[PDB]
A.B. asks: 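Before we start, here is the structure in question, set down as structure tokens.
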2 protein chains.
Amino acid sequence: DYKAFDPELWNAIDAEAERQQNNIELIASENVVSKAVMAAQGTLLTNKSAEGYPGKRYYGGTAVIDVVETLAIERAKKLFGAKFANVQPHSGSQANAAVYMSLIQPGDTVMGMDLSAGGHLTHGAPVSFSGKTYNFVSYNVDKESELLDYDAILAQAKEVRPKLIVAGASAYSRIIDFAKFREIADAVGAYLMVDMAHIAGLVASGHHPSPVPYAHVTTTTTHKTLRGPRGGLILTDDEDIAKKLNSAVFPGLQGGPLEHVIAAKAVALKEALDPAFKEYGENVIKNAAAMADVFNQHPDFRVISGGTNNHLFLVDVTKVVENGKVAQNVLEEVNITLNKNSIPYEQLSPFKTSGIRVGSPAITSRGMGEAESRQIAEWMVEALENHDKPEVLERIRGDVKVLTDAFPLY
Amino acid sequence: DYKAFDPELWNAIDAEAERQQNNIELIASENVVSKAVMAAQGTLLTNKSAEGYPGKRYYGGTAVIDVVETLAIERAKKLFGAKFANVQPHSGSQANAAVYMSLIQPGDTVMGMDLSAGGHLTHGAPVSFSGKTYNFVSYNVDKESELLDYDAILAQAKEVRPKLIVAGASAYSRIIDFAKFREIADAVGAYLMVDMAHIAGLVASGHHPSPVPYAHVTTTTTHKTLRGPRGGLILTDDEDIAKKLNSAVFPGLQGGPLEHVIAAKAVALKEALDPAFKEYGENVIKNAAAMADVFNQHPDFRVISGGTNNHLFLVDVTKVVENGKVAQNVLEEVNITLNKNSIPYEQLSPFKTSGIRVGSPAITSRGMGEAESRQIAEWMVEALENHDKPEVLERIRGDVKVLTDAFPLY
Ligand SMILES: *[C@H](N[C@H](C(=O)O)[C@@H](C)O)c1c(COP(=O)(O)O)cnc(C)c1O
Ligand SMILES: *[C@H](N[C@H](C(=O)O)[C@@H](C)O)c1c(COP(=O)(O)O)cnc(C)c1O
Ligand code: NA
């Protein structure tokens, strides 16, 4: 029994297992993976150096590795309807770096969604390799509707003439029109890359239209709504782009891939291919709308864009508490975790923000329904309204514990 | 029961466990990690997004994650004697990229060891981001001795004027003088980076001199001789460099770290801090030298630099078989896996090579000693000498199964 050797590490792991059980997880990026996904990434596949690609490895004794990686590739292709897939990127960020490396050059102009409106760090932040290598120029949402305006974006693309347009977001509640993004790209001879990290599970379940037919390349995390292990994935229908993508991932950016994690990708993709996964996506949408509807109806809260068609939404909380940061800290005291989040045209410090971001996937994976989602959102309103009344927080904490005890994590 | 849901995947994982058991693994980069290491990266730590650093995370619910990551940081600093450690890099390649991003700017001149004498792809290959982003100039070993010639490297550095010198290798058998590399760097006003991936377990065991007091920045994999999970690690004594490295890893190059893998790093680093790790390192050295001695004494084979003072060595096989690829294929027939390898000043195609690379770490971790290591190298000589006699290969394959049955993998 190995755990007696290292009690400080194994006690910390027991403490994190207890924190996840005793926590209402509303961070829109989080999920609860299956025991099968965890077991695959705890295998002796970690021992094998798999530099290269199936049948084209730097080393031998890789014929079983090749079967595992090919299952992950074949499942990604089947699940997303893509002719090519690369399952080696270590993360979403590495996936994105490989696509930029394949399609554009340093100094090339790129349009990505503004970081205040849900663009990722890797879509042009100045502190990211993305903004350091490439000239990123943001598009935003409409100032009043807080929706993407495909006319304003086309007009801006004709001025900017980007080599590449990046679509996809971390904090956008509405359906992104990939057919329109491809039209905008075509009108200026740009590539279109879609980073579907937040929405890949909903793409896989049928609850969000797929970018895969419209983007020259689609990137995603295997984690978030897809409910996989942490890692990246790249999809394309173009055979010449596929060759470039493969070279960019290895030996361009990475070395040996994590074949234990790729086994876990292959596990998670077979789960998403199952009819049960459609049911998962349905509850994800229902649960998110139920929570959004509680803030919509309360007069002291505005849901950004007025609602959600996906797993998440933002709330301006500044009427009820000073900033998103305070909202986060308060809800932490009743064992509800979400994050402070900038809202569109954020006016406060990015360290404070006006917003909270809420998602349904993790509570949905714990088997919660619209009733429990509505209930969680009522608790959130009540904790924020009573942020200075310690014995009200005390009481919500107790009510939360009855709910978590009722929906065991594992 | 989860295995019943996906037999194709779980059959392949069971087959890799049995393949690792029934094969003699001599790939110098491979090892057999502990049950504790595999179990740690199979935990529900994969469900927690930990963007940022301990005490300074993007999201809440990270209090326990911070204890796990801080354990990995403190155990790295203690084991390698460094004032700072970063345990987030997904891989050795991502570690190296963050160091270049910290110390130099695109187009700067870098010296790195020649890919034929053991330099990694990330040490300037033109197919790597390293050779595409930076102006790499390679240094070699001496043609006659096959040893690093620190006077010749000094004279080249004074001509080339690098901003950065990278030392460390994947096919060099002799003790590196890190004090000499830092004297060379200081003589030309360059940074010294040491990638100690191959030798890190021998630096930990006390069998190889540490680069940590001499390199501005030390990179490593947590896998290979250190016997950790697949990932990377960065060390420095310089507080200003540490702040740059941290910002380069995240948000510079990566997003969210793999905290389940970081738990596994913490497990491995505590294993390497144990007095039994010194005995491992001693057996690694003795077992590699017992294999090298078989090839040294045999007239048809030559060991690159005449032997080894670490875990690996290279053998020119071209008097017995056409090329290293042939030698790798023949040994695979008798369930011995190693890799063809370029030898210094390699004349054949890089796809063929003159050489094989042999390491001791995997067989040492299985409990094998010097008598087993010698028997293994006698079987390699016999199989290469008798490559065209199927009845000989059949017999060695049967003798190899008696040896693997006697030293079970787990
Ligand atoms: C995930 N980013 C999440 C989010 O949900 O806000 C937080 C953790 O930043 C993400 C990624 C992540 O790539 P990683 O695996 O390197 O961390 C990439 N792309 C998008 C769109 C995204 O939401
Ligand atoms: C590992 N290179 C080895 C080798 O043994 O030849 C094989 C596995 O390519 C290695 C790395 C690898 O980084 P990774 O985690 O990105 O694959 C980095 N640096 C050195 C010196 C090294 O040997
Ligand atoms: Na190592």
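Sequence lines set the chain letters: A, B, ... in the order given, protein chains first and strands last, and positions in each chain run from 1.
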A.B. asks: Evaluate whether atom NZ of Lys278(A) has more than 12 neighbouring non-hydrogen atoms of other residues, nucleotides or ligands under 6.0 angstrom away.
C.D. replies: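 Correct, the count exceeds 12.
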
A.B. asks: So, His123(A) versus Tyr139(A), ring centres under 6.0 angstrom or not?
C.D. replies: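 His123(A) vs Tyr139(A): aromatic centres not under 6.0 Å.
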
A.B. asks: Examine distances only and state if a side-chain atom of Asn47(B) and a backbone atom of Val33(A) form a donor-acceptor pair shorter than 3.5 Å.
C.D. replies: yes

A.B. asks: Can a salt bridge be assigned to the pair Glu271(A) and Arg75(A) using a cut-off of 4.0 Å between side-chain N and carboxylate O?
C.D. replies: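 No, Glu271(A) and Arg75(A) are not salt-bridged.
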
A.B. asks: What do you reckon, are the aromatic ring centroids of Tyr2(B) and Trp10(B) less than 6.0 Å apart?
C.D. replies: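 When the ring centroids of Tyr2(B) and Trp10(B) are compared, they turn out to be within the sub-6.0 Å range.
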
A.B. asks: Would you please test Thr308(A) and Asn310(A) for side-chain hydrogen bond (donor to acceptor under 3.5 Å, both in side chains) and show each step?
C.D. replies: CA-CA 6 Å; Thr308(A) 178; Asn310(A) 68 20; 3.2 Å; yes

A.B. asks: Decide yes or no on side-chain hydrogen bond (donor to acceptor under 3.5 Å, both in side chains) for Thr122(A) and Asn96(A), but give the supporting numbers first.
C.D. replies: CA-CA 7 Å; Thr122(A) 69; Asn96(A) 287 355; 2.8 Å; yes

A.B. asks: Atom CD in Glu370(A), atom CD1 in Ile285(A): separation rounded to 0.5 Å?
C.D. replies: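 Rounded to the nearest 0.5 Å, the CD-CD1 separation comes to 11.5 Å.
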
A.B. asks: Under a 4.0 Å N-O cut-off, is there an ion pair linking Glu74(A) with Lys77(A)?
C.D. replies: yes

A.B. asks: Looking at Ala289(A), is its backbone amide N or carbonyl O close enough to the side chain of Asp293(A) to form a donor-acceptor pair, meaning the two atoms are under 3.5 Å apart?
C.D. replies: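 Looks like no, no N/O pair under 3.5 Å.
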
A.B. asks: Determine whether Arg374(A) and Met291(A) make a side-chain contact, defined as any pair of heavy atoms from C-beta on separated by less than 4.5 Å.
C.D. replies: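 With C-beta onward as the side chain, the pair stays apart.
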
A.B. asks: Between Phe277(A) and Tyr280(A), is the gap from one ring center to the other below 6.0 Å?
C.D. replies: yes

A.B. asks: Decide yes or no for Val137(A) and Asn135(A): does some side-chain heavy atom of the first lie under 4.5 Å from some side-chain heavy atom of the second?
C.D. replies: yes

A.B. asks: Tell me which one of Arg19(A), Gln21(A), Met38(A) satisfies side-chain contact (heavy atoms from CB on, under 4.5 Å) with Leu44(B).
C.D. replies: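 Of the listed residues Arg19(A), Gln21(A), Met38(A), the side-chain contact (heavy atoms from CB on, under 4.5 Å) partner of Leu44(B) is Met38(A).
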
A.B. asks: Going by atom types alone, do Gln94(A) and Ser91(A) pair a side-chain donor with an acceptor below 3.5 Å?
C.D. replies: yes

A.B. asks: Is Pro257(A) close to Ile262(A) at the side-chain level, that is, under 4.5 Å between some pair of heavy atoms?
C.D. replies: yes

A.B. asks: Using a strict 4.0 Å threshold on nitrogen-to-oxygen distance, state whether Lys286(A) and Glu372(A) make a salt bridge.
C.D. replies: no

A.B. asks: Kindly say whether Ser138(A) contributes a backbone atom to a donor-acceptor pair with the side chain of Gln156(A) at under 3.5 angstrom?
C.D. replies: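 A pair under 3.5 Å: yes.
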
A.B. asks: Please assess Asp240(A) against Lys244(A) for the test salt bridge (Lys or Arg N to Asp or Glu O under 4.0 Å), listing each intermediate value before the final yes or no.
C.D. replies: CA-CA 7 Å; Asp240(A) 296 329; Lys244(A) 290 182 202 181; over 6 Å; no

A.B. asks: Begin from the C-alpha positions of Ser305(A) and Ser173(A) and carry the test side-chain hydrogen bond (donor to acceptor under 3.5 Å, both in side chains) through to its verdict.
C.D. replies: CA-CA 7 Å; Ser305(A) 102; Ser173(A) 76; 2.9 Å; yes

A.B. asks: Does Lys270(A), at its NZ atom, have more than 12 non-hydrogen atoms belonging to other residues, nucleotides or ligands within less than 6.0 Å?
C.D. replies: yes

A.B. asks: Atom CG of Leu253(B) and atom OG of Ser93(B): how far apart are they, to the nearest 0.5 Å?
C.D. replies: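 It comes to 11.5 Å.
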
A.B. asks: Run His208(A) and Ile175(A) through side-chain contact (heavy atoms from CB on, under 4.5 Å) and show every step you take.
C.D. replies: CA-CA 7 Å; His208(A) 194 300; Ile175(A) 305 301; 3.8 Å; yes

A.B. asks: So, do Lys340(A) and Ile356(A) sit near enough that their side-chain heavy atoms are less than 4.5 Å apart?
C.D. replies: no

A.B. asks: Which of parallel (below 30°), tilted (30 to 60°) and perpendicular (above 60°) describes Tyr191(A) and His216(A)?
C.D. replies: perpendicular

A.B. asks: Is the positively charged end of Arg357(A) above the ring of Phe313(A), judged by distance under 6.0 angstrom from the centroid and angle within 45° of the axis?
C.D. replies: no

A.B. asks: Can you confirm whether the side chains of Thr353(A) and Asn341(A) place a donor and an acceptor under 3.5 Å from each other?
C.D. replies: no

A.B. asks: Looking at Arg57(B) and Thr62(B), would you say the former's side chain and the latter's main chain have a donor-acceptor pair under 3.5 Å?
C.D. replies: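 Side chain of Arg57(B) to backbone of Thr62(B), a donor-acceptor pair under 3.5 Å: no, none is there.
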
A.B. asks: With salt bridge (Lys or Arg N to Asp or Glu O under 4.0 Å) as the test, would you mind laying out the steps for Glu259(B) and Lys265(B) before giving the verdict?
C.D. replies: CA-CA 9 Å; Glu259(B) 289 287 350; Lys265(B) 289 181 190 170; over 6 Å; no

A.B. asks: Heavy-atom count check: over 12 atoms from other residues, nucleotides or ligands less than 6.0 Å from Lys78(A) NZ?
C.D. replies: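 Count not over threshold, so no.
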
A.B. asks: Which residue in the set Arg366(A), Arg230(A), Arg227(A) passes salt bridge (charged side-chain N to carboxylate O under 4.0 Å, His left out) when paired with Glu30(A)?
C.D. replies: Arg230(A)

A.B. asks: So do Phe84(A) and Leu235(A) actually touch side chain to side chain, heavy atoms under 4.5 Å?
C.D. replies: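 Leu235(A) does not reach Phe84(A) side chain to side chain.
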
A.B. asks: CG of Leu202(A) to CG of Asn309(A): how many Å apart, nearest 0.5 Å?
C.D. replies: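 Answer rounded to 0.5 Å: 11.0 Å.
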
A.B. asks: Consider only side-chain N and O atoms of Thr46(B) and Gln41(A), and report whether a donor and an acceptor are under 3.5 Å apart.
C.D. replies: yes

A.B. asks: Under the side-chain hydrogen bond (donor to acceptor under 3.5 Å, both in side chains) rule, what do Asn86(A) and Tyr53(A) come out as? Steps first, then yes or no, please.
C.D. replies: CA-CA 9 Å; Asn86(A) 186 308; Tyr53(A) 286 97; 2.9 Å; yes

A.B. asks: Would you say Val166(A) and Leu192(A) make side-chain contact, with heavy atoms under 4.5 Å?
C.D. replies: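 No, every pair of side-chain atoms sits at 4.5 Å or beyond.
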
A.B. asks: Atom CD1 of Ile153(A) and atom CE of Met111(A): how far apart are they, to the nearest 0.5 Å?
C.D. replies: 7.0 Å

A.B. asks: When you measure from the side chain of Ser354(A) to the backbone of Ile343(A), do you find a donor-acceptor pair of N or O atoms at a distance under 3.5 Å?
C.D. replies: no

A.B. asks: With distance as the sole test, does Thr236(A) use its side chain to make a donor-acceptor pair with the main-chain N or O of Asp238(A) at under 3.5 Å?
C.D. replies: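 Side chain of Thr236(A) to backbone of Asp238(A), a donor-acceptor pair under 3.5 Å: yes, one is there.
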
A.B. asks: May I ask you to test the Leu45(A)-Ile65(A) pair for a side-chain heavy-atom distance under 4.5 Å?
C.D. replies: yes

A.B. asks: Taking the side chain as every heavy atom from C-beta outward, state whether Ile176(A) and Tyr172(A) have any pair of such atoms under 4.5 Å apart.
C.D. replies: yes

A.B. asks: Could you tell me the separation between the CD1 atom of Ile13(A) and the OG1 atom of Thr43(B), rounded to the nearest 0.5 Å?
C.D. replies: 4.5 Å

A.B. asks: Would you say the side-chain atoms of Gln88(B) pair up with the backbone N or O of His90(B), donor to acceptor, closer than 3.5 Å?
C.D. replies: no

A.B. asks: Would you call the rings of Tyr100(A) and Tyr134(A) parallel, tilted or perpendicular if under 30° counts as parallel and over 60° as perpendicular?
C.D. replies: perpendicular

A.B. asks: Determine whether a donor-acceptor pair (N or O, by modelled atom type, separation under 3.5 Å) exists between the side chain of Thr225(A) and the backbone of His198(A).
C.D. replies: yes

A.B. asks: Counting only heavy atoms not in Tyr214(A) (residues, nucleotides, ligands), do more than 12 fall under 6.0 Å from its OH?
C.D. replies: no

A.B. asks: Rounded to the nearest 0.5 Å, what separates atom NE2 in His311(A) from atom CG in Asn31(A)?
C.D. replies: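 Atom-to-atom, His311(A):NE2 and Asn31(A):CG are 9.5 Å apart.
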
A.B. asks: Please check if the side chain of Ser360(A) supplies one atom and the backbone of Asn287(A) the other of a donor-acceptor pair under 3.5 Å.
C.D. replies: no

A.B. asks: Scan side-chain atoms only and decide if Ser205(A) and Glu282(A) contain a donor-acceptor pair under the 3.5 Å cut-off.
C.D. replies: no

A.B. asks: Sub-3.5 Å donor-acceptor pair from the side chain of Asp237(A) to the main-chain atoms of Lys83(A), do we have one?
C.D. replies: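 Checking the backbone N and O of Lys83(A) against the side chain of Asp237(A), a donor-acceptor pair under 3.5 Å is found.
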
A.B. asks: For the residue pair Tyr58(B) and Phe250(B), categorise the inter-ring angle as parallel (less than 30°), tilted (30 to 60°) or perpendicular (more than 60°).
C.D. replies: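 Perpendicular: the ring planes of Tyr58(B) and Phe250(B) meet at over 60°.
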
